[PDB]
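Chains as they are written, first to last, in the deposited numbering: chain G, 14 to 118; chain C, 14 to 119; chain E, 38 to 135; chain A, 38 to 135; chain F, 17 to 102; chain B, 22 to 102; chain K, 232 to 290, 299 to 620, 626 to 656, 660 to 903; chain D, 28 to 122; chain H, 29 to 121. From the three backbone atoms N, C-alpha and C, an ideal C-beta is built for every residue, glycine too.
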Amino acid sequence: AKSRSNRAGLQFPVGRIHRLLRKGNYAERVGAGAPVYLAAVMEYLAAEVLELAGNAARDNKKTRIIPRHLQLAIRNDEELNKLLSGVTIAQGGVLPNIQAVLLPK
Amino acid sequence: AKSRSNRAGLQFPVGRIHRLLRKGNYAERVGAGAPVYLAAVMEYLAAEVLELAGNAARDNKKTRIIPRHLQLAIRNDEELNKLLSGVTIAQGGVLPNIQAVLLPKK
Amino acid sequence: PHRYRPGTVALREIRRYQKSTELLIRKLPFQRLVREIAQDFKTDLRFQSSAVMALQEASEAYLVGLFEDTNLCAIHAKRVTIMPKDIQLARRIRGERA
Amino acid sequence: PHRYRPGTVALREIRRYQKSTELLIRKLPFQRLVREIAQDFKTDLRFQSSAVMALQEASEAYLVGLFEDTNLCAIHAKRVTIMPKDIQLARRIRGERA
Amino acid sequence: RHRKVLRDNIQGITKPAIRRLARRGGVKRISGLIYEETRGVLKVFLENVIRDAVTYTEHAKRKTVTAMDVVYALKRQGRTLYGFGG
Amino acid sequence: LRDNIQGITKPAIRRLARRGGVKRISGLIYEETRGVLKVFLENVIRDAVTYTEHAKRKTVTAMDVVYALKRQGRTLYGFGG
Amino acid sequence: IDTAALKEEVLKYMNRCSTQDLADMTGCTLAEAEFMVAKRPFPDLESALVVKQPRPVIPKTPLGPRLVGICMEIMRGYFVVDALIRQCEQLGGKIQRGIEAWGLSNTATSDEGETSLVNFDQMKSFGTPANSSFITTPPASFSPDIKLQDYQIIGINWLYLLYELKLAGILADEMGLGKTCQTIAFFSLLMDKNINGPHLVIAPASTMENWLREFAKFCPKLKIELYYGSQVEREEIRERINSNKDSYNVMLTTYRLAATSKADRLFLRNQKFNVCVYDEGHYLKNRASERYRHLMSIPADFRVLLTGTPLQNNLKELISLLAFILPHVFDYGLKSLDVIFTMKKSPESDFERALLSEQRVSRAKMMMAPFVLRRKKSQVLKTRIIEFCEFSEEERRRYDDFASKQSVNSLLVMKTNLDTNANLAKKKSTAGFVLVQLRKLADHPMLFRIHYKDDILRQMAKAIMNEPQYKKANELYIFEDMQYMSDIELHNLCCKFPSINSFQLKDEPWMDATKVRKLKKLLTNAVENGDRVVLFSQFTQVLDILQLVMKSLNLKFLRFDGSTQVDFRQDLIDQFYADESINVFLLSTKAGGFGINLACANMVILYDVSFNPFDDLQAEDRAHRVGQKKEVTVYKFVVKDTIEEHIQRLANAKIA
Amino acid sequence: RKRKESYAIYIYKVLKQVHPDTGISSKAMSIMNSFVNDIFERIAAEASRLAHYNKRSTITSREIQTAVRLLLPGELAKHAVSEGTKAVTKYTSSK
Amino acid sequence: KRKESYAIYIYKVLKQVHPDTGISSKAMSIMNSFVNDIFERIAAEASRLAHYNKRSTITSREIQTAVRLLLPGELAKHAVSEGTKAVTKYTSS
DNA sequence: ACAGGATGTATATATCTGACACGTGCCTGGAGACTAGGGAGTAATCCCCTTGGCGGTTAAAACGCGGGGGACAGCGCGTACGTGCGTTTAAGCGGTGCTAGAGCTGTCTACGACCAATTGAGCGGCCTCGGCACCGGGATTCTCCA
DNA sequence: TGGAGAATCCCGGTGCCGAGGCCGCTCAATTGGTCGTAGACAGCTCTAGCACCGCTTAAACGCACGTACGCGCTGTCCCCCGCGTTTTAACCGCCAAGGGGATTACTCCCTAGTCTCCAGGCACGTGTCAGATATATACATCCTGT
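Shown next, in the form of structure tokens:
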């Protein structure tokens with residue numbers, strides 16, 4: 014039995030998305046070729062934050078991805094940041110940012 | 014041949030509301046009381062905005078409610094304002110608001 | 038002849054334009070702006086005659102909702118004139134230039 | 038003995054606290070505040086031990102998102118200190134005291 | 017005299033217009049370099065709603081921008097506009 | 022003894038703005054933000070109980086706080102859902 | 232109206248009518264009209280009432304009650320068409336009885352829809368009888384320095400005999416035959432009879448100036464009221480008339496001013512004009528409009544139309560003219576013809592091609608004939629010459645490769664598009680540019696890009712920056728702004744504005760044309776005598792060419808454009824008829840063709856010929872009189888085998 | 028064939044129930060045909076989450092009664108919940 | 029007792045991008061929240077898109093509209109070339 | 001201005017240590033087949049609504065000029081807040097205990113999907129009379145200079 | 001220092017157009033069964049959460065001080081409001097096509113729905129290793145004097 018994500022060439026369980034997209038009441042009918050497209054954009058988006066995370070965790074000289082690496086990953090990007098504009102994060106804090114008039118005279 | 018809204022004794026059409034929750038995909042099952050309760054709260058809400066408009070258009074002695082009276086009604090009350098804070102009204106304009114520092118010689 | 042005090046004519050236009058409700062940008066300069074950014078985005082597009090009308094009051098109520106807001110910053114700096122750092126403060130707080 | 042320059046210790050705490058990520062309000066004063074407004078709203082309520090934890094970082098990231106914002110207004114008035122008219126400007130633009 | 021051919025329409029929002037516009041929003045006196053900045057602000061506002069309402073109509077397999085899609089494009093930002101059929 | 026609203030203590034907000042990058046604070050800020058925080062909680066803890074009110078539970082869970090903070094516009098990650 | 236006779240006229244209709252004649256009256260589709268007549272013959276309306284299209288098989300009004308519902312209203316309004324035609328038949332014969340009371344001949348048949356009273360040479364020879372109402376001599380209040388022709392003597396008493404009978408007239412002579420010169424004379428003949436107004440002339444802003452010129456020129460005793468200016472200026476005009484310190488016989492307005500302001504609407508209603516003259520009342524052609532009601536709401540004891548169009552085969556035109564000429568029918572309800580006029584023409588149906596309606600269009604034209612006075616050119620003849633020009637190799641070398649740049653390889660090959668566009672590639676054809684460009688190849692060939700192709704305009708670009716023409720960075724925009732202008736114009740911004748003068752003259756290439764060396768023949772048609780000429784030219788760049796073809800041979804002084812449409816022109820037209828200092832005043836198609844000039848300028852020359860009969864004759868009768876003292880001849884320029892010759896009619900005739 | 032639904036006559040109705048002496052321009056009535064359509068859109072969107080959160084498939088009166096406290100501000104919602112529990116009670120005894 | 033998540037799949041991608049990188053379980057909870065926000069925010073649009081044009085189905089086209097609509101453009105540019113590339117591998121089966 | 005002590009900070013190693021990682025059973029969720037049936041292609045149609053052109057107005061932009069007023073700038077001065085020490089105190093750690101109750105299975109059932117015919121409520125349209133815009137005339141009122 | 005002068009509110013009048021009522025009509029709400037399952041409840045548990053309660057120590061609390069920043073005053077001039085002349089380009093109306101819009105008829109295929117299957121994925125159980133943290137340790141940075 015060839016799995017649907019493997020014939021799509023992905024990792025995300027497209028059966029799980031196809032099971033959720035029926036019961037989530039987003040329509041009364043969902044195309045078979047629909048949630049394969051949703052699995053790809055999810056596996057793209059989960060990769061793209063995480064690739065920028067593992068860049069930042071590399072700079073902190075650690076192997077473990079920690080929530081401090083996440084918030085510094087998302088805010089440092091611009092285009093990702095506007096997606097997660099109003100979105101907060103847990104345990105993340107804020108990017109280091111000094112305003113210009115804060116330095117002493 | 015009594016309507017369910019007539020059996021509610023109310024004036025927003027409760028039948029097509031119960032039809033709207035069927036094809037709006039909001040859930041799979043709708044209770045009997047759910048569109049009845051929803052038509053009541055629209056009857057309370059759509060009156061409460063319209064009650065403030067009718068007192069507003071009475072000030073300028075206009076029988077026709079112009080939406081300028083309507084937008085003046087909603088933002089003047091502070092509680093209805095928080096319902097529609099991110100909403101504009103067509104032909105709406107703004108409330109009379111000049112800050113005090115812009116006024117002439119005291 | 039007689040010239041008014043400066044600002045006092047401008048204050049009269051506040052009470053003239055707060056009580057009135059007509060549209061404040063001419064239609065055809067607004068419409069020809071819209072079609073320019075249209076075929077920049079995708080070409081061969083026509084518009085419904087009321088579709089630009091809502092698009093106008095979208096922008097106009099947005100621009101009043103900016104200008105009435107950016108007036109509050111210029112008051113807060115103890116001035117009575119807006120400057121391009123005042124409007125730059127406005128979208129930074131609102132969620133554009135964060 | 039030796040006293041530092043004023044502000045310069047405070048500037049060190051900026052770089053100490055921007056690089057760190059721990060919670061900045063003690064848990065038990067935050068928790069006993071929560072239960073007070075709870076039975077004010079409806080009584081006989083218990084809390085999950087992680088439920089107040091997310092509630093903390095809800096408020097704390099909101100308070101940083103206010104304070105980092107209200108710093109921008111005090112800069113805009115050519116000062117370096119915030120005053121209660123600065124934070125009063127912040128929620129007025131953001132959409133509370135409009 | 018065919019010298020703007022779909023370019024200088026950002027100058028169509030003229031300097032008296034934004035002069036007129038801030039009077040409704042209640043600004044007392046305007047500095048002279050404001051007009052160029054709000055030209056950029058307004059255009060980057062339109063470059064979202066035209067971006068969205070095209071994508072609706074381009075999904076609608078048709079080319080005429082209708083009315084309610086603008087309201088649906090304006091919903092995607094969170095600026096609901098009324099009085100246009102929804 | 023002490024007020025729980027005064028449990029949010031004056032060194033804490035002073036420590037808080039240092040994360041936000043404010044150099045020097047006025048002493049009147051400490052009794053303003055206490056109003057700002059408490060009006061913030063009376064939205065979210067209003068919403069937080071009403072989910073548990075709907076579930077007919079007598080305990081507040083963490084998952085409801087997210088479902089409270091979702092319709093606030095202040096959506097928050099890292100806690101499930 | 233008889234409902235029992237109404238239900239019989241639909242019974243004879245439905246059993247008889249063809250499928251296309253069913254849809255032409257009803258507006259329905261071809262399948263429903265066939266399905267209606269598939270069940271027919273119909274002995275009664277109830278046998279038609281059971282017609283319904285069947286329900287769709289398994290793979299909100301029925302067809303009967305719909306079609307019998309509309310055709311009953313069609314037969315209702317048909318009798319109202321008859322109730323208007325038969326009433327128009329009444330006053331129509333009285334005009335003919337008034338025309339036969341002159342003892343004058345009519346060369347027009349009633350089925351033409353016109354009357355055509357040419358001349359009264361039998362009344363000139365034997366005298367005017369004692370019972371005739373005709374006035375052979377021009378009115379004394381008219382200017383005696385201007386002669387009115389014998390057909391122009393007819394029309395003012397054609398207006399006057401129609402003025403007696405309490406009607407509305409249509410002086411529908413072709414334009415340029417002095418229709419404006421008669422109505423000023425009709426105002427002067429009314430001045431002879433102590434009927435001194437107030438009259439209204441609604442003439443558009445393109446002809447607000449010809450009348451005010453000829454008001455001074457043809458009847459200077461006639462008191463003119465100019466109701467024109469700004470809104471607050473006309474308010475002072477309205478106060479100038481509401482405080483009656485000066486009586487006027489004549490008020491002049493446009494179609495613009497008369498209807499868009501309520502203030503003018505209550506003003507003109509409060510003037511109560513005697514005669515109203517409708518100069519190009521094309522709103523009277525469209526009955527279903529706000530403007531047409533606005534045209535007729537203003538009171539007038541005598542309503543006159545001035546338009547050179549004959550009565551066409553269009554019942555939407557004719558019924559709109561039937562309410563005009565017949566009094567107290569505009570005051571009638573007219574609720575039975577809105578159904579007649581609301582069927583918009585379609586690919587499927589048209590109300591003009593209905594069989595019962597087509598018999599009524601002939602029936603409406605037959606009775607509207609003594610109300611329409613149209614005299615043709617050749618019935619009162626301006627000897628016509630059509631002088632073809634020889635070819636020149638300069639015109640021909642761009643004419644003969646215009647069988648290649650015109651013939652795009654797209655029709656009679661298919662480009663790849665999104666969907667199966669079977670006829671959009673047909674609908675991108677018949678573009679009007681290449682026809683008028685072929686009608687510009689036949690014109691003066693200098694207007695094309697034959698002089699300064701690409702590189703001479705770069706030298707203009709650097710040598711126009713050395714001026715106050717110095718913007719931010721405009722070396723490749725002004726040059727591109729100079730890439731689309733014509734070579735006469737790219738000469739005309741380097742001769743009128745001397746910023747660059749190295750290539751202003753190109754060895755005078757305006758003299759190198761087949762139409763100008765034949766005009767050099769026409770120039771030598773102006774050297775044996777004082778032949779001051781009328782030179783029409785269809786195009787403005789052609790006028791900008793022809794202003795400078797006179798910059799070589801004989802001096803150019805005044806380019807007589809048709810863009811003088813703001814106020815009355817005199818100084819363009821009065822200082823003329825001298826020997827050679829003022830010889831060539833270049834008329835144009837965009838000039839006002841309602842009015843004319845002095846008849847001494849005999850040879851009228853057309854540089855370009857026409858496509859439709861809207862200006863086939865207006866450019867061709869400015870010196871057309873019956874009392875000219877010398878030889879008078881109209882000219883038009885035609886080239887070898889261009890389509891400018893092929894818009895002139897040479898294909899074939901019909902034998903019937 | 029062309030047909031379109033609205034709420035206008037019912038709003039025009041609720042006007043005469045509270046004010047017999049008022050007219051509405053059609054552009055003003057189109058606000059209320061949108062304004063009640065936004066409010067109906069939001070409260071259904073609340074219950075769709077709320078029915079999903081207790082993993083139910085139904086929508087009863089309790090979900091909407093939860094929702095109208097959740098969405099509307101306090102005092103407006105305070106009459107509004109009583110404006111419904113009175114109204115379904117008249118629906119309760121009838122039939 | 030039974031709960032379901034994405035925690036094996038997130039880590040999966042992680043090791044197929046950064047094979048030499050650990051991840052805390054708190055950071056896993058961010059990602060499992062991050063998936064169920066983006067999946068939540070997309071399907072609300074695809075419902076409403078088909079609701080606007082009255083299609084009773086959710087297909088590949090509407091999600092393609094929402095990803096051009098919801099996410100910004102350069103993020104939209106790669107994503108629209110991702111799933112179309114992904115469904116083409118799905119197509120030949 | 002440079003020196004330098006004082007203070008702070010990353011380095012680097014060493015030692016926990018628990019949290020991440022793999023592994024293993026297990027099961028339920030997902031894949032494959034099949035089928036209805038209807039939702040959508042689609043192609044045709046047709047009618048409308050858009051748009052492109054033209055003209056003709058004229059309110060409206062626009063350019064300029066002046067002047068005066070708000071903005072910046074500098075000064076002063078003083079206050080209230082940083083900054084460190086010392087003292088208090090309670091936050092937190094980590095146990096302890098208890099117990100509502102949250103979450104779970106189990107059982108009916110009662111309410112709502114469903115389809116059918118029913119039948120009138122609403123909706124498209126068409127009048128029509130009156131609110132409302134104008135508008136000009138008319139008395140009032142603020143605002144600038146004595 | 002009140003009196004002039006621009007803008008204003010009030011109003012009679014016109015009138016107009018459009019909201020509004022009458023009517024047809026239609027299709028969709030309502031009624032009425034009938035099925036079944038989704039939810040209500042009864043029960044249980046165990047667990048997570050409450051609360052004691054003592055220790056402790058970091059942090060809060062309190063305090064001098066000084067100094068800087070903040071608020072104020074004066075000044076200055078630069079800039080933009082205010083009106084006037086010009087002009088333009090918007091508004092307006094019409095008149096076009098005409099191609100895009102919406103509808104229907106028609107099919108189809110594709111996707112819900114059911115069943116079977118079976119392993120992919122999960123709860124839990126280990127383990128080790130990154131990582132947190134002391135701690136020397138050298139090294140950077142601000143502080144003030146000469």
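Any chain B beta carbon closer than 8 Å to residue i
{"i": "D:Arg83", "result": "no"}
{"i": "H:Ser57", "result": "yes"}
{"i": "H:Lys54", "result": "yes"}
Residue-chain proximity (residue i, chain G), Cβ-Cβ < 8 Å
{"i": "residue 124 of chain H", "result": "The structure shown does not extend to residue 124 of chain H, since chain H is modelled only from 29 to 121, so the question has no answer here."}
{"i": "residue 21 of chain H", "result": "What the structure shows of chain H is the stretch from 29 to 121, and residue 21 of chain H is not part of that stretch, so it cannot be assessed."}
Coarse secondary structure for residue i, derived from DSSP in three states
{"i": "H:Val108", "result": "helix"}
{"i": "K:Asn246", "result": "helix"}
{"i": "D:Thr49", "result": "coil"}
{"i": "K:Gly342", "result": "coil"}
{"i": "D:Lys54", "result": "helix"}
{"i": "K:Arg271", "result": "coil"}
{"i": "D:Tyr34", "result": "coil"}
CB of residue i within 8 Å of CB of residue j, strictly
{"i": "K:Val357", "j": "K:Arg614", "result": "yes"}
{"i": "K:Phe884", "j": "K:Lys687", "result": "no"}
{"i": "K:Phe680", "j": "K:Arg642", "result": "no"}
is_contact[residue i, chain F] using C-beta, thresh 8 Å
{"i": "C:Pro80", "result": "yes"}
{"i": "H:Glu102", "result": "no"}
- Message: Give the list of continuous beta strand (DSSP E) stretches no shorter than 3 residues that lie fully inside the segment 456-531 of chain K.
- Response: 463-465, 489-492 and 512-518
- Message: Ignoring anything shorter than 4 residues, give me the alpha helix (DSSP H) runs that lie fully in the segment 785-815 of chain K, in order along the chain.
- Response: 787-793
- Cβ-based contacts, 8 Å cut-off: residues of the segment 56-75 of chain H near chain B: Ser57, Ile58, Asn60, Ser61, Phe62, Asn64 and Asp65
- Below 8 Å between beta carbons is the criterion; list the residues of the segment 104-132 of chain A that meet it against any residue of chain E, in chain order. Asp106, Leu109, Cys110, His113, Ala114, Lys115, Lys122, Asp123, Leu126, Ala127, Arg129, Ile130 and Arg131
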